[PDB]
Amino acid sequence: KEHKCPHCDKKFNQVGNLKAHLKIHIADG
Ligand SMILES: [Zn+2]
Numbered sequence: 030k031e032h033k034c035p036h037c038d039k040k041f042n043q044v045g046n047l048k049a050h051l052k053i054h055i056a057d058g
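What follows is the structure in structure tokens.
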């Protein structure tokens, strides 16, 4: 687990939610 979001600390499974997490940091969603 090499990547973590710097602004957010909350934790969850990296399958679905992480896709959205990274995506909403690129596109405001
Ligand atoms: Zn984040």
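Numbering (the deposited numbering), first residue to last: 30 to 58.
From the three backbone atoms N, C-alpha and C, an ideal C-beta is built for every residue, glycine too.
(1) At a cut-off of 8 Å, would you count residue 36 as near ligand 1, judging by its Cβ distance to the nearest heavy atom?
(2) Give the secondary structure of residue 36 by DSSP, where H, G and I count as helix, E and B as strand, and everything else as coil.
(3) Roughly how many whole angstroms lie between the Cα atoms of residue 48 and residue 32?
(4) Can you determine whether any heavy atom of ligand 1 sits closer than 8 Å to the C-beta of residue 50, and answer yes or no?
Looking at the atomic coordinates:
(1) yes
(2) coil
(3) 13 Å
(4) yes
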